[PDB]
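Here we start with a single chain on its own, the form deposited in one PDB entry, put down as structure tokens.
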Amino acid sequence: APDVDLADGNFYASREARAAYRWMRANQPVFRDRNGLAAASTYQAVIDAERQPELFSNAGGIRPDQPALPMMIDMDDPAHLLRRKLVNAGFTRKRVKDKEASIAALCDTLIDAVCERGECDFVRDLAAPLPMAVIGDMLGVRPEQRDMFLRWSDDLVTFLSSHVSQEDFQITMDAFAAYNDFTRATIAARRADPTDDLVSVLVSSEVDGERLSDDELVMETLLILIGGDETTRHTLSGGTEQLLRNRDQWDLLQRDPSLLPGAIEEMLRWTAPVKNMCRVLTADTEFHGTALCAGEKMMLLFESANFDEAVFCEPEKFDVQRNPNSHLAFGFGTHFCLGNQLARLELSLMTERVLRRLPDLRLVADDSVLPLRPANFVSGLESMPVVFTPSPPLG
């Protein structure tokens, strides 16, 4: 039995995690770590828990050692559903498709800033900035404010770990206080001068039949923000790395663009930026072999599910043509990712431009293994130095 702490961010930065997952799925599908924390590791157990929200609740909060906050992802139905339908319309496949030109322009702009150099950090220069700009435009973040909001967002999720230092914990709290002050100013201004963005939509929203409190407005806005700017970035970087480490996949996708939809799904399965989500049990229950107590939280291990040999043949092989590919990177059930269509378009347009404008893109050193972020919620590549043949900007 692996001696691991599933709340320790270092576990998810270690490249031993998938070996630990394999042991869980084979010996104790609903695993208990060294501290007794329960975690569903099989595709089956995760699905079954997602399908029983009355037993596996979100109302205790989605994080292990953290109370629930006034945001829809920390809510059960009917309260959660009333919130989601306040922002549902703008995230449909058809409404997301309308933003194609805008997102494409952002992609080309970000590649223009490095194309003359012949080298860059794919994470810092392309993967991270693109979704920041996209969700920022939806939330009302000004372009000159993007880097600041992303710095706050980084500080909010980078140090989530049972082994967080006192100093790092203070960085997280300071960033939330900073975000809190700025956004409360924005919330009031959107009440005096309503605009088109999402914050303005929530500010003027009503739930049977009262307006949302300022505490909720701040938290719902943060939910959308972090969902946008701390997730897709990791599928971009980690998925592009798989194309670069298996250039037969890069080549295959290069000569046939119609394979891009399937490639995006395999990137999502492989990277699984959200490593887990918590569920609180409303009653004692025997769940797929493991006794669970009322009031304790069980983790849904999305990456473990995404490599479950019971569902995916040769899951350690990256195959852009993988069909079926019913991965659980976006989860399942009533909390199924709101921005799943937005994220897929972000990944498709950026990858399409990387293949076209950086056609000979390579890792600086294919031998070295790239470091992962030691956090217990969302995690991905810290950096990704790349090289390519320079080209003139498009303007």
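Here the rigid core means the biggest group of C-alpha atoms that line up within 1.5 Å when the two forms are laid on top of each other. From 1 onward, residues are counted along the sequence shown.
Same protein, other form: the form deposited in another entry, not shown, and the subject of what follows.
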Study note, to complete from the structure: Only one of 314, 116, 286, 196 passes the 2 Å C-alpha shift threshold between this form and the one not shown with the rigid core fixed, namely 196
Check your understanding: Does residue 170 count as moved between this form and the one not shown, where moved means a C-alpha shift of 2 angstroms or more after fitting the rigid core?
Key -> yes
Exercise for review: Inspect the rigid-core superposition and answer whether the C-alpha of residue 255 shifts by 2 angstroms or more between this form and the one not shown.
Suggested key: no
Exercise for review: Look at residue 367 and decide if its Cα position differs by 2 Å or more between this form and the one not shown after superposing on the rigid core.
Suggested key: yes
Review point. Closer or farther: how do the Cα atoms of residue 368 and residue 19 compare in the other form relative to this form, given a change of at least 3 Å?
Key: closer
Exercise for review: Once you account for a change of 3 Å or more, let me know if residue 168 and residue 385 sit closer or farther in the other form, using their C-alpha atoms.
Suggested key: farther
